[PDB]
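What follows is a single structure, written as structure tokens, with notes after it.
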Amino acid sequence: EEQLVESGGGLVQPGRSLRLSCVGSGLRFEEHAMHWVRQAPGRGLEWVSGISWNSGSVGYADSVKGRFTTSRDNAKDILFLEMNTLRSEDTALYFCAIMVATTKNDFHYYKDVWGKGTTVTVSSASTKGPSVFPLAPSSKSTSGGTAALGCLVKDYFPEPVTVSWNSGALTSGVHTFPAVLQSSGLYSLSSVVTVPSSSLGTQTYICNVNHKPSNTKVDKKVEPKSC
Amino acid sequence: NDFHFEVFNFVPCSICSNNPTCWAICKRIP
Amino acid sequence: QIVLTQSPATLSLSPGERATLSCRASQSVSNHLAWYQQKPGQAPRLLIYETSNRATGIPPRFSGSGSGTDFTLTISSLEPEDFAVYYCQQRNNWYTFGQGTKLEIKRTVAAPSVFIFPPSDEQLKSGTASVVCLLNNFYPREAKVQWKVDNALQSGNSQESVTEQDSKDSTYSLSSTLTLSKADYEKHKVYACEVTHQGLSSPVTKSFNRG
């Protein structure tokens, strides 16, 4: 079992500092160059930093030069990324990775190992639980024997929230949408489900919202609205 | 730092076992 | 450092076809170009290293070619597991990734089912009104939503997001939220979501009158 495990990520204010660590497991740590690769929500991969096996050579992407510092301590199988004067644009999930490959020569060797990542969120916003509002089924939400209903999970911070329906017993026809980030700095998300309009008066529909950054759990029963 | 490809991409000798080809290009790690 | 430009941005093909993705480098990367595959919510996975070598477990339908500036990833007969985002990555002068190519399942045109949701009374008490328009199960993914409040076009006061391609019918869904203050909201009557999509012969309007 080879494994990279990142930690040290979290919510941090702009201009403040953070330090990520990456602990190796199942591999001769001193033997490979290591890298930090990050990915912002809905964006591509960006190499952040790389450091050789004995820290003899360190490199940084232009977007983090003068602010990040990469180090490693081989005697404890640990790699570090110290980030100073952080900005909102460094909001990303941060991967620890080994990416070695050589075909020189006539011998093929490669090593490609990634952690699951640690999330870094740089923002002025305060941790805050969601409000959960019904998206009620109506005639303007029926279409050919099919009705739509859902929950609006508004004004929470930071990510993530998770949404289930009837404690996971209702999964067919469910769409839980990517949150949007509003002007206020808080996130708004929608989760909808299409159901038979026949069911609207006999079946219970409850969305289960869970927001662990604030330890907020809400169960919201969604009913047709009374006109 | 000037980047050189073999500083970041080499084969540790510890995976060569008994294959001469790998022992001819590996890098022993102390 | 070296800049990697990938094309096309999005590749729409059905399973069984052949996929060709390109990677152009601003400067020569010699042969140190790798290809990665990423699916949503997962770490990337290495497919090709050093231009043409497949990593272990990679089927031989994946093929990599090129040198210097120009490189190609060929997937000979697409399988459903191959629809994902692909990044090339150079290691000649530090490490940089291309911005990525999205390989998407092409299917028949499907119009969206449109639903509109008035703000809840519960939200209204709080002082804000959120109107939500739902576009359900459509393809292609390009769709346009226009908010109209008593036939006044709303711009800059709404936000939308789009689900990933659905694993069963390969459609998309879109949710758009129009937000107003309670005061502004009760000053108007007709709230309309207008939807244009290739599967619709004419713009579809779903609307309600407040109260």
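As they're listed, the protein sequences go chains A, B and C.
Quick note: the first sequence uses the working numbering, first residue 15, plus one each step.
Quick note: the second sequence uses the working numbering, first residue 29, plus one each step.
Quick note: the third sequence uses the working numbering, first residue 385, plus one each step.
Don't be surprised by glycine CBs; every beta carbon is placed ideally from N, CA and C.
- Listed in chain order, the positions of the segment 111-132 of chain A with a beta carbon within less than 8 Å of a beta carbon of chain B are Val114, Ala115, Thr116, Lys118, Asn119, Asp120, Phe121, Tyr123.
- For A:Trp61, the three-state secondary structure derived from DSSP is strand.
- Within the DSSP bridge table, the entry for C:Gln473 names C:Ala418, C:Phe481 as partners.
- Counting C-beta atoms within 10 angstroms of its own C-beta, A:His49 has 16 or more neighbours from the protein chains shown and is therefore classed as buried.
- Comparing alpha carbon positions, the residue from C:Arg475, C:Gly452, C:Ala439, C:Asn520 closest to C:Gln549 is C:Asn520.
- Listed along chain B are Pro40, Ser42, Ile57, each with a C-beta nearer than 8 Å to that of A:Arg42.
- Taking 7 Å as the upper bound on Cβ-Cβ separation, chain C lies near residues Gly58, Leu59, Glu60, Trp61, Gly64, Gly73 of the segment 50-80 of chain A.
- With 16 or more other CB atoms across the displayed protein chains lying within 10 angstroms of its CB, A:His46 is buried.
- Using beta-carbon distances, A:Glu15 does not count as an interface residue toward chain B, since no partner is under 8 Å.
- Of the residues A:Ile92, A:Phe82, A:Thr230, the one whose Cα lies closest to the Cα of A:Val167 is A:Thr230.
- Taking all protein chains in view, the Cβ of C:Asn477 is crowded by 16 or more other Cβ atoms within 10 Å, so the residue is classified as buried.
- At least one beta carbon of chain C lies nearer than 8 Å to the beta carbon of B:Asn37.
- Around the beta-carbon of B:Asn47, fewer than 16 other beta-carbon atoms lie within 10 Å, marking it exposed.
- Straight through space, the alpha carbons of C:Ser545 and A:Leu195 are spaced by roughly 10 Å.
- A:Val127 sits close to A:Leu18, with the two beta carbons spaced by under 8 Å.
- Chain C has a Cβ within less than 8 Å of the Cβ of A:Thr208.
- Residue pairing for A:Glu15: DSSP places it in no beta bridge.
- Listed by position along chain A, the residues whose Cβ is nearer than 9 Å to that of C:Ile500 are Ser152, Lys154, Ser155.
- One alpha carbon belongs to C:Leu487, the other to A:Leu184, and they sit about 30 Å apart.
- Rounded to whole angstroms, the separation of the alpha carbons of C:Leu417 and B:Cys44 is 25 Å.
- Three or more beta-carbon pairs separated by less than 8 Å link the segment 134-151 of chain A to the segment 212-230 of chain A, which places the two stretches in contact.
- Counting other Cβ atoms within 10 Å of its Cβ, A:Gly23 reaches 16 or more and is therefore classed as buried.
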